[PDB]
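Visitor: Pasting an experimental structure with its sequence.
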Amino acid sequence: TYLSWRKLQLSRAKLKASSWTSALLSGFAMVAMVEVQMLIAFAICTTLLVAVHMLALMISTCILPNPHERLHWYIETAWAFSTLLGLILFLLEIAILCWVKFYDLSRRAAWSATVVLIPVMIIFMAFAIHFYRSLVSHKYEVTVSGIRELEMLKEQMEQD
Amino acid sequence: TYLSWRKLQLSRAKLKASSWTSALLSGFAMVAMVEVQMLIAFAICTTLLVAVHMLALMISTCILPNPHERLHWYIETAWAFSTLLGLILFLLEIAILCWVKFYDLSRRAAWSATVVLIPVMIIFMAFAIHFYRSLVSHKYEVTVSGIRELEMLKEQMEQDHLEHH
Amino acid sequence: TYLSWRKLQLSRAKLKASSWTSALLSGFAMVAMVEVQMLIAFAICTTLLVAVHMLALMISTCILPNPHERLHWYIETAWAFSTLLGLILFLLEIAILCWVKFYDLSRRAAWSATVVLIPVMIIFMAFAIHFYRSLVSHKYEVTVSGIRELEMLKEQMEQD
Amino acid sequence: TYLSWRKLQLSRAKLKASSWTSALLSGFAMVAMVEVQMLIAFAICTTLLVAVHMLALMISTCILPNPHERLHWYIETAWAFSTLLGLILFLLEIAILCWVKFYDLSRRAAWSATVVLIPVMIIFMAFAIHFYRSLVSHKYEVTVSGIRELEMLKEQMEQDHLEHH
Amino acid sequence: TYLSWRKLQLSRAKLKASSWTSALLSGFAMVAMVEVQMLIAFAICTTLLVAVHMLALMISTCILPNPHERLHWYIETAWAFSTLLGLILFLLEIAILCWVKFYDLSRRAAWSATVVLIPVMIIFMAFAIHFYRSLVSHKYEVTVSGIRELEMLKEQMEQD
Amino acid sequence: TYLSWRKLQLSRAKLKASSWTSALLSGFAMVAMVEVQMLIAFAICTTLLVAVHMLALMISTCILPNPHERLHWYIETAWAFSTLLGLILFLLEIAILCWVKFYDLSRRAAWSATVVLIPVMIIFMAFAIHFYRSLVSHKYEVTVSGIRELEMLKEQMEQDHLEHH
Ligand SMILES: [Ca+2]
Ligand SMILES: [Zn+2]
Ligand SMILES: [Zn+2]
Ligand SMILES: [Zn+2]
């Protein structure tokens, strides 16, 4: 009873927070584009960021009406993946904006900013990979896949 | 009990999230329009986006007071459809904006962006179609359904009144 | 018990969502006016939109402290009516803004936009009428009024 | 039990909605002022609107920790009054803005707008009056009420301390 | 049980509302500064306002993990004090902004606005004093301090 | 029961407030950057502020699905640290902005502002240090902790599968 209650309250706080950030990010970004008015990058990025988020939101329109377990994990992962694509894209977007503001003014600063992004982009890229790998395949293989990837790490910290 | 409780908490998280995003998207889009100040597209899109979203919001003004099951599913669906059209229109809106910001500067970028949207637009359009199809069909079933509930309400006042003497 | 609990939680989600959208719409609209700076229309519209919403909000200041049934339905309908007037006015406002942005630039587009609004404005106008008719009169007459309006529709779908 | 529970959930939805709108209106109005950049009016209004709303917010900082009944009703009323003044000031603020945007361009529109407001302003002013009247009256009752509660708190520590030995 | 439940739900509505307003005020103010671009005042004010609020927010990062009673009242008061400093600073900020907008245009209006602020600033200053006095010292002294300050008032209303 | 309930409601209010402020700060800062349009500082700050906050948000995407205790504390801490860095970066961001708005106009004000920040920055930095120190240490403990939980999950499917015949 406590488990089913906790699971349902988690889907409910996830719903409220998903719609929340998806809409606020999407909006703040659209406004960021009209306020300033590699450029193919800026356009595909803004546009992709808003589309990916609208996807997540719709996944919040449809999880509400809806064995059941396998379908709910596929939808859940599709939501989490669309959302993560949204955070990455929002980051890429701020990179491209430092770029666009600084292009004709200071190249050093712009390049510095887009660069400091790489390690975080790595962590982000990493997780996007786990959710994608989780989407096509079934829980087991990815569960073991995960144990392998973690165990190979257990060997590194000890050596040091 | 757990089922009726979960259903009610789902209409309640759906209410709070619906009003939320409808107002934030609508407001943000209107502001996006005034800030820049093929064009017939931009106007019809902004205006349609805001009208469709206000429709969703009102569906949150009226689900609150509310056999009942068929009528509540129709209304819920009118909400999901208004909401989804709003998402589509918002996406369309950001496309036309890349278009408008980039028109005289770089045609390549705008067209590239407007193109990469197509797979997502496909999924969105698909669902818009299913929801539309659910509405047109029960236009019959529901109207009646609503009559039966309103009648029962007219009858519940008649009984409640017969006891006052 | 479940009924009184559901009614109270509905007044509580309605409170939180009312204040939410009333304030966000009002604000977004005020900002839309200062950012651009038939015109009598634009002014009466912005001004009416913010006033109607502030009304709704105050109805959320006063439902909190408060047979009881008849008074709570009159207040509820006053809130719902002020709120609906707010959504319509927000729509009229975006019409007038396409108008104001496009006036000297492209008349075709502006007129097209204010026009596509009419069927939705019909549905909106319709509901504004039900709430107003509910405000002056008592539940019964409007309940029957509603059955009549719906039954006369039942005859149309069959013929086709 | 249901009554005390409902009362507490009402102070809790009132808290969350108060802070909500106070911050959004205040912020949005400040931004409305800097974006345009009879005038004495515009300044006193923006500044009063933001001060009155910050008052409401603080009343949400202090209701959280809190015979008790009289003091809690006074504070609740100080909140409702600060809140209502904020709504009035926001309305006044949008009027002065139609005024300021339209001044040199079209006098007719601004005056028309500032006029249609009058019935709504009447209702708002009315309530502002009732709440003000509730405050001035119990300035006496409550101060004492607060003393009695603070004393009882001083006494509850004295008893709680008498047992430590 | 009802008491511990109410206390916990109060810390929970305080958390959600604190983060809410702290972030919205901070943001609206930063944006107010870049949109316009005694001045030492404007800078120290904007900067202080955002710092004080970020403090409150972090106090919402740390109250979540955490006799216990004395520590929770010191943290609670630190949060309430940072928050109050934030509201005052937001007000001072709007004063300084009327100032900055009106300086070269109408001195009368600017001075009028910063002036109408004083009585409210008094109430604000008053409360900031109670929370500061509560931070350094223990509950008792401040509790009695409070009874004294209130009782000396009881004598004034009667005379009139 | 009350303890597990309180812990779960704390992760739930922390989730809702985390996503809340992360998105509002990030969006507001990006907009602050485009509106003005030593400089290497401004860019790295805006970009770092938005990246760190998106990190926090994602930590709200992943706490939802989730011995367990050690792994949940590590993740919670990664969240608190990403969140705190975000607050620091936002403060740094408003400093560099006073700097940038005031550079050619009044040097005195900008420097005064950037200076008064130092005590607050001290407290923030301090906590950033404690959280960082909690992370680096358990890099060992947790990875293993996670393995043990994932294994147990691999084992729970194996048992659940052994019964299907
Ligand atoms: Ca601008
Ligand atoms: Zn009779
Ligand atoms: Zn003793
Ligand atoms: Zn087998």
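Guide: Alright, I've got the coordinates. Numbering: from 1, shown residues only, chains lettered A, B, ... in the order given. Ligands and ions are numbered 1, 2, ... in the order given.
Visitor: and the most centrally placed residue in chain A, which of the three is it?
Guide: With distances taken as CA atoms, centre = their mean, the residue of chain A nearest its centroid is residue A:84 (1.0 Å). Recorded secondary structure, residue A:84: helix (DSSP: H, G, I helix; E, B strand; the rest coil).
Visitor: any idea which element residue A:128 lies in?
Guide: Using DSSP states H and E, residue A:128 sits in helix A:118-136.
Visitor: could you give the angle of that helix to helix F:68-102?
Guide: 130 degrees (axes from the mean of the first three to the mean of the last three CA atoms, to 10 degrees).
Visitor: Check which helices and strands the helix or strand encompassing residue A:54 is in contact with.
Guide: Assigned by DSSP H and E, residue A:54 belongs to helix A:39-62. When contacts are defined as 3 or more CB pairs under 8 Å, 6 or more residues apart in numbering or on different chains; DSSP states H and E, helix A:39-62 sits against helix A:2-36, helix A:68-102, helix B:68-102, helix B:107-116, helix B:118-137. Every C-beta, even on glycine, is put in place using the N, C-alpha and C of the backbone.
Visitor: What is the burial count for residue A:152?
Guide: 9 (other CB atoms under 10 Å in any protein chain shown).
Visitor: what residues does chain A put near chain C?
Guide: Residues of chain A found near chain C (CB under 8 Å from any CB of the partner chain): none.
Visitor: Check which residues of the helix holding residue A:54 are buried.
Guide: For helix A:39-62, a neighbour-count test (16 or more other CB atoms under 10 Å in any protein chain shown) marks A:39, A:41-61 as buried.
Visitor: Looking at chain A, which residue is nearest chain C?
Guide: residue A:27 (10.0 Å; CB to the nearest CB).
Visitor: Can you give me every residue that contacts that residue?
Guide: Contact analysis of residue A:27 by CB atoms under 8 Å, 6 or more residues apart in numbering or on different chains lists B:24-25, B:27-29, F:27.
Visitor: now, the most widely separated pair of these?
Guide: The span of those, defined through CB to CB, is set by B:29 and F:27 at 14.9 Å.
Visitor: Relative to chain E, how far out is the residue lying closest to residue A:146 once chain neighbours are set aside?
Guide: What sits nearest to residue A:146 in space, not counting adjacent residues and going by CB to CB, 6 or more residues apart in numbering or on different chains, is residue F:150, at 5.4 Å. As for residue F:150, its distance to chain E is 25 Å (criterion: CB to the nearest CB, to the nearest Å).
Visitor: And for the residue in chain A that chain F sits nearest to, the neighbour number?
Guide: Nearest residue of chain A to chain F, counting by CB to the nearest CB: residue A:28, 2.9 Å away. Per other CB under 10 Å, the neighbour tally for residue A:28 reads 22.
Visitor: swap in residue A:134?
Guide: Other residues lying near residue A:134 total 22 when counted by other CB under 10 Å.
Visitor: Surely it and residue A:77 touch.
Guide: Yes. When contacts are counted by CB atoms under 8 Å, residue A:134 is listed as touching residue A:77 (5.0 Å).
Visitor: picking up where we left off before, can you tell me which residues contact the residue nearest to the centre of chain A?
Guide: By CB under 8 Å, 6+ apart, residue A:84 lies in contact with A:124, A:127-128, A:131, F:58, F:61.
Visitor: and what of residue A:30?
Guide: Neighbours of residue A:30 in contact, by CB under 8 Å, 6+ apart: A:46, A:50, B:28-29, B:32, B:93-94, B:97.
Visitor: Let me know the closest of these to chain E.
Guide: Nearest to chain E among the contacts of residue A:30: residue B:28, at 14.1 Å, using CB to the nearest CB.
Visitor: ok, back up a step: contact partners of the helix holding residue A:128?
Guide: Outside helix A:118-136, the residues within contact range by CB under 8 Å, 6+ apart are A:74, A:77-78, A:80-81, A:84-85, A:87-88, A:91, A:142, A:145-146, F:51-52, F:54-55, F:58, F:62.
Visitor: Relative to the whole chain's centre, how far out is that helix?
Guide: 8 Å (CA atoms, centre = their mean, to the nearest Å).
Visitor: try stretch A:73-80
Guide: In terms of CA atoms, centre = their mean, the centre of stretch A:73-80 is found 12 Å from the chain centre.
Visitor: So which bits of that stretch are buried?
Guide: Within stretch A:73-80, the residues scored as buried using 16+ other CB under 10 Å are A:76-80.
Visitor: what's the answer for stretch A:143-160, then?
Guide: Those would be A:143, A:146-147, A:150, for stretch A:143-160 by 16+ other CB under 10 Å.
Visitor: Same check on stretch A:21-39?
Guide: For stretch A:21-39, burial by neighbour count (16+ other CB under 10 Å) applies to A:21-35, A:39.
Visitor: and if you look at stretch A:110-128?
Guide: When burial is assessed from 16+ other CB under 10 Å, stretch A:110-128 yields the following buried residues: A:110, A:112-114, A:116-117, A:120-121, A:124, A:127-128.
Visitor: for those, which one is nearest chain B?
Guide: When these are compared for distance to chain B (CB to the nearest CB), residue A:128 wins out at 16.6 Å.
Visitor: Right, I'll call it a day here.
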